[PDB]
Structures are given as structure tokens and as C-alpha cells.
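A.B. asks: model this:
(6 chains)
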Amino acid sequence: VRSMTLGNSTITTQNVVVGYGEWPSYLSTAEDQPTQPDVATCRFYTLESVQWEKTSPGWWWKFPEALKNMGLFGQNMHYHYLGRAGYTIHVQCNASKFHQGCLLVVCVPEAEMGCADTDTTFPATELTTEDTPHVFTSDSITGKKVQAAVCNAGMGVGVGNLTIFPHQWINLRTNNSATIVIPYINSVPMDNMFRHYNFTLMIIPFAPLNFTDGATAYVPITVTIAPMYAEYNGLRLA
Amino acid sequence: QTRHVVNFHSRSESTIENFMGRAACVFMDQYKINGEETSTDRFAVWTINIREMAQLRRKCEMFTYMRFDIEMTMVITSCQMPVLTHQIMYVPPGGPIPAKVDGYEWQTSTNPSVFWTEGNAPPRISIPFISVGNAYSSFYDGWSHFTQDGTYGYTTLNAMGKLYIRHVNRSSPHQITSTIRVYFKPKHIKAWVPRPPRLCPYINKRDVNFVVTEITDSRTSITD
Amino acid sequence: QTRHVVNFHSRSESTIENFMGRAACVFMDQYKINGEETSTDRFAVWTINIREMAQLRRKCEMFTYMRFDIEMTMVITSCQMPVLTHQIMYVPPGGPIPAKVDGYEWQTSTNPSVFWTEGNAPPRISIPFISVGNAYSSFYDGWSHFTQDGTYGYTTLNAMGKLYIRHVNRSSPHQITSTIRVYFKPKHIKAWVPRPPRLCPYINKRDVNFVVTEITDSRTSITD
Amino acid sequence: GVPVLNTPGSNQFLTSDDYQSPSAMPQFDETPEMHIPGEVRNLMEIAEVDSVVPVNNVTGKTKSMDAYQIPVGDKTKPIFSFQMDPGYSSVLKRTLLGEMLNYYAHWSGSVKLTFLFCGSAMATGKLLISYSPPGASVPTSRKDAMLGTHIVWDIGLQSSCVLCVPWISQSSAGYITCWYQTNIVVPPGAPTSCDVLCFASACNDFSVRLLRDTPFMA
Amino acid sequence: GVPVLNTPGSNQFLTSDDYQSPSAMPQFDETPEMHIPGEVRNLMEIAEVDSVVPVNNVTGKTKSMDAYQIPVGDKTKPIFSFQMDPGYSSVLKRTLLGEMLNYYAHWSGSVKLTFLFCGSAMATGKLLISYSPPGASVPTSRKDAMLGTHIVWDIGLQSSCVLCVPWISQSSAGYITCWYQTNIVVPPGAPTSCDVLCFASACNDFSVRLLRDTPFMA
Amino acid sequence: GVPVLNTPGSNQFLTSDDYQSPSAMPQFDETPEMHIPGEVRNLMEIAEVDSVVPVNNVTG
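C.D. replies: Numbering: from 1, shown residues only, chains lettered A, B, ... in the order given. Now the structure:
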């Protein structure tokens, strides 16, 4: 049991999957100069806990803008139009000892998702609802929204071989916590934080939750994101 | 066939340059020589992108980011005279395009073009890594216009240019219908961020939309 | 499009040789093969000057003085027989010119000429720095004839020669109309005395005359 | 000048050549290469990643995520059974292993399988994972599977048993059957029926030769 | 002799090549190069020269030299305001900076601005020159411009204030507004209304990549 | 570039030549050579083997 703290946010934790073997870092010019906030930004932003029932198909969050209303990090998105960060993501499950199940906690950089009825697009409020997660579905759906059927998560790939990305299994038999560090994968050193979704944290239950008639009918999944090494553009003159 | 002892130890054919760097025909098109002075059927266009045919498109979607020089060689035929000379004008991403076979854009000094006359070896034109960013992005989970406007998934970083092709001969006594086959080839290719293979069939050449497909082929029971 | 982080540090594309040294088509012309034994439509002329088309002319007027070798490659077509052979005769500034397709000047040993037969690679002829002075002058604030006579602005130092082009075939059964496209290219170029860019549109190809144009595009108020 | 003579093969266009292409934009200087995380330098780095194998791909359970779940909790018939070849096998053909192997005609190597038991932390039982050599016939009973190659995988102690199946190549393969050694013993609070996930990758190193076009795309 | 074979790309004419052209006049020896003053060895030596910027380019003042003059001498609306991008901006597109940048598609660097106050030697006042970052909105008031980036430029002490605006590139830009901090205080002899000239060049060093044809010429 | 001139015999196909053929499968790496018993490196190693001679090859 390790009680990590960052700024004015302390969580209680119980091995880290460093995404692509790299730890996030700063970009290191007088023509373009970055600003490193360091202060705040790095604290833990615990999202709303998500109840995992027997019939839950999955969830996804789209970052960096899932934190668009989260404190100073969600406020520096409105004043600077360029930025980058690292996003240590803790995922606890705090189930009991009689609950069973298994989760895939994967990050999927550049998850370009497909519309539900092709030949058209979706109204841009179907990919993300800032803090709250869009759930997947168990079967196919229609309408101007994301094709959120599992087995074809968002991208038209098999959902089983989604393990190629930075992932972590949460088997309630053994463990309950996951932690992933995603060192800002992008093709340009800095990009706008409202246009571009750098990665898509999606939690997918492979083995479904099961229990008997006495336990609690759900297992709350707690998501915590710490934006590390966040740096922005400069606002001062040179 | 029979199961033989396939005994060897090699992964030189599994590297990225030995997997992607293969020439494939990506653009057939017809273009005439005479008649209809204001027509769009006297030249070819082909905006250069990797999402041309699904066999190559599938390989570029193994990887999220990749950068590579392209080295295309056209194979130009003709049907129905003099000896014919062609022009394959590559315009960069920032470049004026012709509207007609006799536009002034064809004479632009910043648009490099090859003048291949018939009978010789095929014309080869090589284009470096043009993009503004540091790699071409196969996938772009983002919006071109800020504040979640239209045009999902299309970034302007992975723009490669266009390829305008015409006869340089002004006219002809009879009709000559030339056919061009552009052979695209990635070169000096690097690739980042692997990605699971495509499962569903492709719908359209500018989006990732799909129909929900089954994972694998089904069998009768779990034990057979 | 969107505003990206255009991060790099390079000015190799802004040097003079990487700015001026680009091949651009500067002369289209027709010339027949037979008929009208005394005619001016059986050969081409094109007195070589930088003031050919306004796109290139604008770049040469960034600089007052410049010196450069020129390396032009013609692209010759034909319409309507045997295999055709052409002749591209460059006469120096001091050189006799033909008056007809069958003049004796074509046989002058001091006028270098290429004999390109059809079907091969395009003919390339390179011309060194001919001028009498030490540089070509884009602008000449002076009078050719002493004591302020006629012909303002035309010096004889920036004379480059002429380019007479004909078929060498004496006749043909039918009519063949060849088209030539001269691709001018400065080479090994140096440039002195920078100069502000042209603002007004060009009027004529031998003078600097202009119509008074507005400085920039107008807007509504000073603060919008 | 230099007396040259053109050989057969001059002025032709061989599709697979590696000649110096004349660059169309010579003045142009390309963007400097930044370090982007997660570079791939070899395709067989994708095959070495574990990924979930749809063992329960029966006729009505392939468009859901019930394809990946092996139901555990009749001791006379095996739990599951499948051909051990990533090509031409419905179970292992759309795996990351089995999908980077359909780009090639000649491949040879070994393949490791991980069985993650996704049941309760109180459920306890034994499963017997038998392997048949590529020529042998499948075991029809649990005893005949015990007399061959097997691993009696105690679930209550460890929850993940790893194999490494050799002699996997094409240019008539093995079998991974699984048997009830014991039933799943469970206290009154925990549920009775559990699931077992499977995984597959390249075990140590994988050999692969002749590139071709994939059959899946049409 | 030497067995050669022609590759694809033989006997073609690529417009952008750098081959050895056979010289037509080989005997001819060209004139010796004298030293002429003022050699240009790089285009970005033209962009580094200051030149007057037509800020007052309103609908009827662009064919006169009233385009270059910012009238100084209502404190609620700013004196002038313009986009800070030398391309696609009416104020900075025909500058020496903005005109050598329309020959190129990719350019990135910084840009310095000099405000020469061309009033009397007795006129005294303050002007507040605010800069908005490329994402931010313009200040609607003088106080909101004071809370951002600004320089309270005292005219009576110094008559030329120099900026250096970074993050200037294309492949939604900044703003240089100017405000009356104080009015122009003037003795009885000197005139009341003054002018402010502006300038623009490359601040330290400028990066520029992809050559194209200019849009202005038709 | 280099001034070359084609001799007589250019662009012909002599059947018995030993020129460098451009390989169609350059990426392809061929199977390693194992040792197989009984290599022949010269035809006259077959002539040196005794073999029975049909001397009594009469008409029937």
C-alpha cells in the first residue's frame, strides 16, 4: 500500500505499464518558446466512478479533452492553443473477494472511430461527453453516432487483438489496480487540445462480471488521470 | 501439399522496408488528345494518398505514424500518327492546379514535370517527405476545423500532392486514347506505433466507416 | 487547414541558386515544314531575354545585377512520313540571322546548333555568361544613344542572343506542324543589389511602364 | 567516349527494383525527424504481442464478446479443442500472430499460449491441458490425454498457465485440448460458472520468408 | 565494352534536374567577375530589412501615402489593430517581409515591429501596445489589454518602441492593438495631431521551406 | 554526364552470355544450403564409374 500524493491530491494505491517503453518528457528556440506550468496540472483528477454490472459492454474516454473542465488543466486548454502531456492513468476496481471478472484497460492512440450508419458523419458530441464515458454496445446500432459495438470497438478492428497498445489486465481474481503512462504520441511536437484527441482510454470487460444474490449488483471502476510534463506555448513577447 | 520441415531462421523479409516498399498499381485513367477544348477528359488527376486500393491501404494501417519517400513510375500506353510525348506534372500540396488541358498552370516553374516521349523506358519521378509534421498519419482522431466542426478524421499534414498528366501534342488527325498506370512505391520508410489489423471491409476511401463484421469464421461446437 | 507547429530551421531553399535556378517554359511557337518557300512561318526566333513571362520576370527584378549561365532544353512535338530531324541554332549577340528557312546563315560555323532527331531525349544546349560587362542588368536607368536620344532603358550589355529553330528536312508529302517549348533555366547564378518587389502589373515586355496601383487591399476601418 | 553496350533488360520496368530514382524536388529539404515513441523496426515485433484468442467461436457467438470466453462450470467431453496452426484455422487466424502470418507463405517457429482463468478468487479446481503432436490423433478420453503430454493446471494456486508449442510451420497440426481433472469447487458465496481467456504469440523467435497478398481483403 | 542497362527514367526530361549541360560555346571564356557592392547570397537577407507597413489602409487611403500614417490625436476604441501574419493579411502582405514569404508555402519564425512616432519634439503622451496570443480574443477595452501582454510606450522619453512577435507560421494569429493610455499633451506652439509609422522585418532568424508561385501576378 | 557510345552488339540478345540479371525478388532470402551427400562438381566424375557393357548385344 503506497499513498501517492501530487500537489493537493492524494490517492491510495496497491506494476506500471510504461507506454512504449518511454517516460513522458519535455520537448527539449527563441522563435517559439514553450511555457511549463508544473504548478498544479500534475495533481490527480479523479473522474466519476463507473458502475460495472453484469451487462456492461465497456466504456471509452477521449483525452486530452476529457479533462477540459478539470481545474487548471481544463482552464489552460482555453488560454493556450498548443500543448502536450503524459497522463498517468490509475484504474482501480475495489470489488470484493467473491466477485469475478476481467477488464482490458487500453489506451489506443489515435482511435479514429466509425459512424454507425455509413455514408454520413456524426455530430461531434457523440465521441466525447467530457467527463462522462460513452459506453459501448453489445450489438450493432444505427443513427448518426459512433458504431459502438464491441468486437469492433471503434475502429473496425478485432476487439480481442486490441492488446497491441499500452494495456493492462485487471483480473479480479488476482489484482484490482492498473496504471498506464502514455508519453504523448503525436506526429507534431505540439498540437491543439480541442481539435485532436491524442488517445482513447477504453475499458472493455472480456470476462463478464458475475456474483450471487447477496453481493452488490455492481463494481465501481475508478479512473484517475495525472497530466505529467504538461507544457504549452508562450504568451509573452520575445 | 504436404507439411515439410521448413527449417531456416530469417526475418529480413519481415522488416518494414521489405514489407511496405513494394510497387503496386494505384491509378488507371484514360485521357484523350483532341476534341472538346473545354473538357475534363483530356487529363488525369489522382490526388496522391495511401487510401487508394484496399490491399495497400490495409498495410499502411498496421502503423499509426510513418514517413517515407515515394518513387512512382508511370506506365503509359496509347490506342487509336506522330511519335507522342506526354507530361506528368506533380504539383506540391501548395500548388496551383489546371482546370483545362490548356491552362497556364502547366507552365508553372515550381511544379516539376517529366516530358516522356513514347518508346523509351517508363518515366520515373521521386518525391521526398513533403509533410509539415514529422510523419504521415494513417489515422487522425480529430477535426480539421477548430471547435468540432465538419470534416472528421482529415488532417492536412498527410497531404502528398497531386499528379496531373496530359499529352503535350496540341492536336492529332484521329483520336488517340492514352492509358496511364501509376506505380506507387514507399521508399526509405519508417513506421511508429503499431496497430491491430483491419477486420471489417472498407466502405469509402476518405473515412473509417464500417459494417460490424464477425470476429472469425464460425465452427459447429467449441470442441470439434 | 489548421495552424500546426511548423518546427524546423532551414534557409537552404531561400538561397539565390535555389530561388532562381528553376526551369520554366518561356517560348511556345509553331513552324511548318513545307510550302511558301519565302515565308516567316517555317522557323522560330525568340530573342533570349528574361522579360519573357511575368512570373519569371518578377523574380529577376528582385535584384539589380545578376550573372548566370543559361541551360535551356527544348521540347519539340509534331502533328500532321519519315523520321524528323530538327535544328536549334543559337546565334550569339554578334551573329548573322536567317531571313528565310533556306538562308546561308544556317551554315555559319560560329553559330552553334544541335541536330535533334525525333524520338530521343530532348536536346539540351548550354550558354555561358555572354555579356560584355560583369553582370546582366535587370534595370538600366540610361539611354542607349548618347545625348539623351531615343530608346530609354535598353542597354546592349544584357543581350543574350537568339534561338533560330527549323526542320532540316527539305520537304514532306503532307504538312507537318511542329511545336517547340523552350525551357529556360538560370545556372550558377549570382545576384547583387536587392530591390523591392514589383507592385503594379506589367504593361509591355521592353519597358517598365505601369498603371498606378493601390498599395494593399483595402479594409473597412483602421481597427477592424 | 566510354564504349558501353546495353544488355538484355535495358529500358524495361521491373516492378521490384532498387534503383536511384531521380528526385523531383532536389532543392527541397525535408522536415527533421523528431523522436516519436513506439517505433517498429520489424513486423515480427507485432507477432510477439499476446492477444485474446476467440476459442468459443461457435455459430452464434462470433459477433459478440462471447467468442473469447471459454465457459468452465459432464467430465467425459473436453472443454475446448482446436487445431494448432495460425493459418487455415478459424481460432488462430485473426490473432495478431495469425494475421501477420497470412502476409507470408513460408513461416516456421513456435507459439506460446497463456490461459488466464477469469473466475472468482475463491473458486478452486484442476484442468488438464493436453497437447497432441502434429501426426497423432486427438485423445478421446481424459485418461488417454493424461498418458500423452499434459499439464495438470491447478487453478486455486496459479491463475495463468503458459505453454510453448513447437513445430508450427506451413509452406495436419497439433491440438490443445483441455479436460476437467476436477470440477470447480466453490464456497456458498461465489458464483459457480467461470470463464477462461486464452492468448497467443510467438514463443521465442519466429521465422517467416515469402511475402504474399492477404486472403481476407476482397 | 562496359555492360550498362538503362533504368526507368532514361531518356526523359525531368524539369528539376541538376545534370551537366553540354556547353554550346566551349572555346568561349567568360568575362572576369569584378567586385560589385551589395551581393545577395540568401533571400532572407531581404526579409530582415525594415520597411514601412500600411496600417491605415482604409477604403480610400491606399493609393496615397496616407496608408502608412497612423493618426494620433475618444479613448474607448483602439488606435489601430491588425492580424499578425505576413501572409493572408492586408496590412503585412505587401511588406518586404510579407512579400518574400508569399514565394513559399511553409514558413515559420518571429517578426519584430518598430513604431516610430513622427510627431513634434514637444508632444508628450503614452500609448499602450498590447499583444494577443494566436488563440486569444482581442481586448475590447483598455483595461483588458493592460491585463494581458503590453508595453506602456512613453512617447516623450523614447520615440521608437520595438517588439518581437514569436509563433508566426503557416503551412487565427496574433494581434497588435494600440491604445490611448494618455492623450497627447502639447504646448501652445506645437500642432495637436501627430502620426506614427510602423515597420516590420524578421526578428532574429526566419525559417522557410516550400517554394511556390506568387498569387499577386496574374 | 559520362559520354558513352554504344558499340555494335548493343540491345541484342546473345543466347550464351553471362551478364548480371536483375533479380525479380530482391527482398527474398533463399533457403540455407544444407550438406547433401554425393555432390557432383564435374561431369567426368560420372565417366570414371565402372558399368556393365552389353557385349552380347546380338539381334535377339
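
A.B. asks: contacts and neighbour counts: CA atoms only from here.
C.D. replies: Noted.

A.B. asks: neighbours of the closest residue to chain C within chain D, just the number please.
C.D. replies: With C-alpha to the nearest C-alpha, the shortest gap between chain D and chain C falls at residue D:27, namely 6.0 Å. A count of nearby residues for residue D:27, using other C-alpha atoms under 10 Å in any protein chain shown, gives 22.

A.B. asks: and residue D:116, what are its phi and psi?
C.D. replies: Per-residue torsions, residue D:116: phi -90, psi 110 (degrees, to the nearest 10).

A.B. asks: List of residues touching stretch D:96-107?
C.D. replies: A:161, B:6, B:196-197, D:43-44, D:46-51, D:86-87, D:92-93, D:169-171, D:200-202, D:206-215 (C-alpha atoms under 8 Å, 6 or more residues apart in numbering or on different chains).

A.B. asks: distance between the ends of that stretch?
C.D. replies: 15 Å (C-alpha to C-alpha, to the nearest Å).

A.B. asks: and residue A:20, that one's in a helix?
C.D. replies: Yes: counting by DSSP: H, G, I helix; E, B strand; the rest coil, residue A:20 is part of a helix.

A.B. asks: got the contact list for it?
C.D. replies: Residue A:20 makes contact with A:166, A:182, D:37-38 under the criterion C-alpha under 8 Å, 6+ apart.

A.B. asks: roughly how far out does the lengthiest strand in chain D sit from the chain middle?
C.D. replies: The strand spanning the most residues in chain D, taking DSSP state E as the definition, is strand D:194-208. Mean-position distance between strand D:194-208 and its chain equals 5 Å (C-alpha atoms, centre = their mean, to the nearest Å).

A.B. asks: From the contacts of stretch D:96-107, list just the buried residues.
C.D. replies: The neighbour-count test (16 or more other C-alpha atoms under 10 Å in any protein chain shown) applied to the contacts of stretch D:96-107 identifies A:161, B:6, B:196-197, D:43-44, D:46-51, D:86-87, D:92-93, D:169-171, D:200-202, D:206-211, D:214 as buried.

A.B. asks: what residues does chain B put near chain A?
C.D. replies: With C-alpha under 8 Å from any C-alpha of the partner chain as the criterion, chain B meets chain A at residues B:64-65, B:133-137, B:139-149, B:152-153, B:194-200, B:203-204, B:207-215.

A.B. asks: Let's verify residue D:45: helix, strand, or coil?
C.D. replies: helix.

A.B. asks: Next, find the distance separating the residue nearest to residue D:33 when sequence neighbours are not counted from chain E.
C.D. replies: In space, and not counting its chain neighbours, residue D:33 is closest to residue B:134: 5.8 Å by C-alpha to C-alpha, 6 or more residues apart in numbering or on different chains. Distance, residue B:134 to chain E, using C-alpha to the nearest C-alpha, to the nearest Å: 13 Å.

A.B. asks: I'd guessed the residue of chain D closest to chain C sits against residue C:17; true?
C.D. replies: No: using C-alpha atoms under 8 Å, residue D:27 makes no contact with residue C:17, being 9.2 Å away.

A.B. asks: Can you get me a residue count around the residue nearest to residue A:71 when sequence neighbours are not counted?
C.D. replies: Spatial nearest neighbour of residue A:71, excluding adjacent residues (C-alpha to C-alpha, 6+ apart): residue A:41 at 7.9 Å. Per other C-alpha under 10 Å, the neighbour tally for residue A:41 reads 24.

A.B. asks: residue ranges of the helices in chain D, please?
C.D. replies: Using DSSP state H, the helices of chain D run over D:44-47, D:96-100, D:142-146.

A.B. asks: Write out the residues of chain A neighbouring chain C.
C.D. replies: Counting by C-alpha under 8 Å from any C-alpha, chain A comes close to chain C at A:188-191.

A.B. asks: cool, and chain B?
C.D. replies: Going by C-alpha under 8 Å from any C-alpha, the residues of chain B near chain C are B:81-85, B:107-110, B:115, B:117-119, B:132-133, B:144-146, B:155-156, B:168-173.

A.B. asks: got a list of what residue 30 touches?
C.D. replies: Let's take chain A. Listed by C-alpha under 8 Å, 6+ apart, the contact set of residue A:30 reads A:238, E:166.

A.B. asks: should've been chain B
C.D. replies: Taking C-alpha under 8 Å, 6+ apart as the criterion, residue B:30 is in contact with B:41, B:43-44, B:177-180.

A.B. asks: which residues does it bridge with?
C.D. replies: Listed by DSSP bridges, the beta-bridge partners for residue B:30 are residue B:179.

A.B. asks: Double-check residue A:143 against residue A:116; I have them as touching.
C.D. replies: Yes: counting by C-alpha under 8 Å, residue A:143 does reach residue A:116; the two are 6.0 Å apart.

A.B. asks: Comparing these two, which residue is more hemmed in?
C.D. replies: More crowded of residue A:143 and residue A:116, by other C-alpha under 10 Å: residue A:116, with 24 against 13.

A.B. asks: Close to chain F: what parts of chain D are there?
C.D. replies: Chain D comes close to chain F at residues D:1-10, D:14-17, D:209-210, as judged by C-alpha under 8 Å from any C-alpha.

A.B. asks: Most neighbours among the residues you listed, which one is it?
C.D. replies: Counting by other C-alpha under 10 Å, top hit in the residues of chain D next to chain F: residue D:209 with 25 neighbours.

A.B. asks: and that residue, what does it touch?
C.D. replies: By C-alpha under 8 Å, 6+ apart, the residues touching residue D:209 are B:10-11, B:13-14, D:104-107, F:28-29.

A.B. asks: Now, of those, which are buried?
C.D. replies: B:10-11, B:13-14, D:104-107.

A.B. asks: Out of these, which comes closest to residue A:230?
C.D. replies: Nearest to residue A:230, judged by C-alpha to C-alpha, of the buried ones among the contacts of residue D:209 is residue B:14 at 37.0 Å.

A.B. asks: Excluding covalently adjacent residues, which one is nearest to the closest one?
C.D. replies: Nearest to residue B:14 is residue D:43, by C-alpha to C-alpha, 6+ apart, at 5.0 Å.

A.B. asks: Distance of the one you found relative to residue B:62?
C.D. replies: Residue D:43 is 9 Å from residue B:62, by C-alpha to C-alpha.

A.B. asks: correct me, but residue D:34 touches residue B:133?
C.D. replies: No: the pair residue D:34 / residue B:133 is not scored as a contact, 9.4 Å apart, by C-alpha under 8 Å.

A.B. asks: Skipping adjacent residues, who's closest to the spatially most central residue of chain A in space?
C.D. replies: Geometric centre of chain A, nearest residue: residue A:201, 3.1 Å, by C-alpha atoms, centre = their mean. Nearest non-adjacent residue to residue A:201, counting by C-alpha to C-alpha, 6+ apart: residue A:107, 4.3 Å away.

A.B. asks: didn't that neighbour look like it was pressed against residue A:199?
C.D. replies: Yes: in this structure, residue A:107 is within contact of residue A:199 by C-alpha under 8 Å, at 6.1 Å.

A.B. asks: Pick out whichever of the two has more residues nearby.
C.D. replies: More crowded of residue A:107 and residue A:199, by other C-alpha under 10 Å: residue A:107, with 28 against 23.

A.B. asks: Distance from the chain centre to the lengthiest helix in chain B, please.
C.D. replies: Ranked by residue count under DSSP H, the longest helix found in chain B is helix B:54-60. In terms of C-alpha atoms, centre = their mean, the centre of helix B:54-60 is found 11 Å from the chain centre.

A.B. asks: again with stretch D:136-146
C.D. replies: Distance, centroid of stretch D:136-146 to centroid of chain: 24 Å (C-alpha atoms, centre = their mean).

A.B. asks: who touches it?
C.D. replies: The contact list for stretch D:136-146 (C-alpha under 8 Å, 6+ apart) reads D:76-78, D:128, D:130, D:132, D:174-175, D:179-181.

A.B. asks: could you redo the last one with a cut-off of 7 Å?
C.D. replies: Residues outside stretch D:136-146 that contact it (C-alpha atoms under 7 Å, 6 or more residues apart in numbering or on different chains) are D:76, D:130, D:132, D:179.

A.B. asks: Kindly report the same for stretch A:34-50.
C.D. replies: Residues from elsewhere that reach stretch A:34-50 (C-alpha under 7 Å, 6+ apart): A:6-9, A:70, A:72-73, A:131, A:220-228, A:230-234.
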